[PDB]
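What follows is a short report on a single structure.
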Amino acid sequence: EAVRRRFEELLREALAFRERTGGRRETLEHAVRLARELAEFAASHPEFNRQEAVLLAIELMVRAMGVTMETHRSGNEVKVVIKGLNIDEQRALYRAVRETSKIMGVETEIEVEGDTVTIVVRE
């Protein structure tokens, strides 16, 4: 609950930032910062589901940047498809998902094709 409540607080900050942001570069920097805060906070609450924490960090960045996403469940795996990203947003999202996965001890696979980044979170 504490981790889910933290996501909600960071989501409101993410939506207020993009409202007053000066560009996609500033929004991206703030989005990576928010995702790291959530990841480190969730790591301090080991009782919370590690797989779900990674997904919440991804969704926090998706909402902060205002990009389109899709989620599909395959048993224990979760696939996230994020479209419309520029080159800088792809590199930062790849970087942030890798770091967040390592913090949570979760195995994730990342594929980049065109504007589309596909993330698979397992177990």
Side-chain angles (χ1 to χ4, degrees):
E1 179 64 37
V3 176
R4 192 171 308 280
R5 181 160 52 97
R6 188 59 196 170
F7 166 82
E8 302 167 359
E9 301 169 342
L10 296 175
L11 177 59
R12 301 193 212 95
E13 183 177 354
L15 300 177
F17 192 91
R18 182 164 49 92
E19 157 74 358
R20 78 192 203 208
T21 188
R24 293 175 173 178
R25 200 261 204 271
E26 283 76 19
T27 302
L28 180 62
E29 295 165 304
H30 195 246
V32 171
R33 197 62 166 84
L34 291 182
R36 185 179 300 108
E37 294 183 29
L38 183 59
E40 295 177 352
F41 190 84
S44 65
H45 292 82
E47 63 274 28
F48 192 81
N49 186 276
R50 313 183 321 271
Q51 176 198 229
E52 190 177 1
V54 178
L55 292 175
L56 286 179
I58 294 172
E59 176 70 4
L60 191 56
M61 289 188 66
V62 170
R63 298 298 305 283
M65 297 162 52
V67 293
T68 307
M69 73 93 65
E70 275 189 330
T71 298
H72 292 331
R73 192 92 63 175
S74 180
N76 66 96
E77 291 184 350
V78 180
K79 175 178 289 184
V80 178
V81 180
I82 304 163
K83 326 185 70 176
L85 311 170
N86 61 48
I87 299 302
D88 298 326
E89 293 171 328
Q90 297 168 32
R91 296 173 179 176
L93 179 63
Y94 188 101
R95 223 156 160 181
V97 171
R98 291 300 194 198
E99 177 184 356
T100 295
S101 301
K102 188 177 306 179
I103 291 176
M104 301 309 302
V106 173
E107 179 184 21
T108 58
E109 307 172 12
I110 311 179
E111 176 199 352
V112 183
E113 188 173 22
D115 283 350
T116 301
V117 170
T118 305
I119 310 172
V120 185
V121 188
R122 179 184 154 277
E123 190 178 18

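In this chain, numbering begins with 1 at the start of the sequence shown.
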Among the clusters formed by ILVMFWY side chains lying less than 4.5 Å apart, do [X] and [Y] turn up in the same one?
{"X": "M69", "Y": "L93", "answer": "yes"}
{"X": "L15", "Y": "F7", "answer": "yes"}
{"X": "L10", "Y": "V97", "answer": "no"}

Of all heavy-atom pairs between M61 and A31, which one has the smallest distance, and what is that distance?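 Heavy atoms only, the tightest pair is CG-O, 3.6 Å.
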Out of curiosity, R6 CZ to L34 CG, how far, rounded to the nearest 0.5 Å? 9.0 Å
If you measure from CD on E99 to CZ on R95, what distance do you get to the nearest 0.5 Å?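 Separation between the atoms: 9.0 Å.
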With a 4.5 Å cut-off on side-chain heavy atoms, are [Y] and [X] touching?
{"X": "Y94", "Y": "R98", "answer": "yes"}
{"X": "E40", "Y": "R36", "answer": "yes"}
{"X": "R24", "Y": "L28", "answer": "no"}

Not counting sequence neighbours, which residues clear side-chain hydrogen bond (donor to acceptor under 3.5 Å, both in side chains) with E26? List them please. none
With sequence neighbours excluded, residues passing side-chain hydrogen bond (donor to acceptor under 3.5 Å, both in side chains) with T100: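 So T100 forms no side-chain hydrogen bond (donor to acceptor under 3.5 Å, both in side chains) with any residue.
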Pair up each side-chain donor or acceptor in residues 43-60 with any protein partner under 3.5 Å, not counting sequence neighbours, and list the distances.
from, atom 1, to, atom 2, distance (Å)
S44, OG, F41, O, 2.4
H45, ND1, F41, O, 3.1
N49, OD1, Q51, N, 3.0
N49, OD1, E52, N, 2.8
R50, NE, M104, O, 3.3
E52, OE1, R4, NH2, 3.2
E52, OE2, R4, NH1, 2.9
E52, OE2, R4, NH2, 2.5

What pairs with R12 under side chain to side chain contact (heavy atoms under 4.5 Å, CB included), at least two apart in sequence or on another chain? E8, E9
Side-chain donor/acceptor pairs under 3.5 Å, residues 80-88, sequence neighbours excluded:
from, atom 1, to, atom 2, distance (Å)
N86, OD1, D88, N, 3.0
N86, OD1, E89, N, 2.7
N86, ND2, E89, OE1, 3.3

Take a 6.0 Å sphere around CZ of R18 and say whether it holds more than 12 heavy atoms from other residues, nucleotides or ligands.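 Yes, because the 6.0 Å sphere around CZ of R18 holds more than 12 heavy atoms from other groups.
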Do the side chain of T21 and the main chain of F17 share a donor and acceptor less than 3.5 angstrom apart? no
Salt bridge (charged side-chain N to carboxylate O under 4.0 Å, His left out) between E29 and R25: does it pass, once the steps are laid out? CA-CA 6 Å; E29 295 165 304; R25 200 261 204 271; 2.9 Å; yes
Output side-chain donor-acceptor pairs under 3.5 Å for residues 110-123, partner residues at least two apart or in another chain, one line each.
from, atom 1, to, atom 2, distance (Å)
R122, NH1, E107, OE1, 3.0

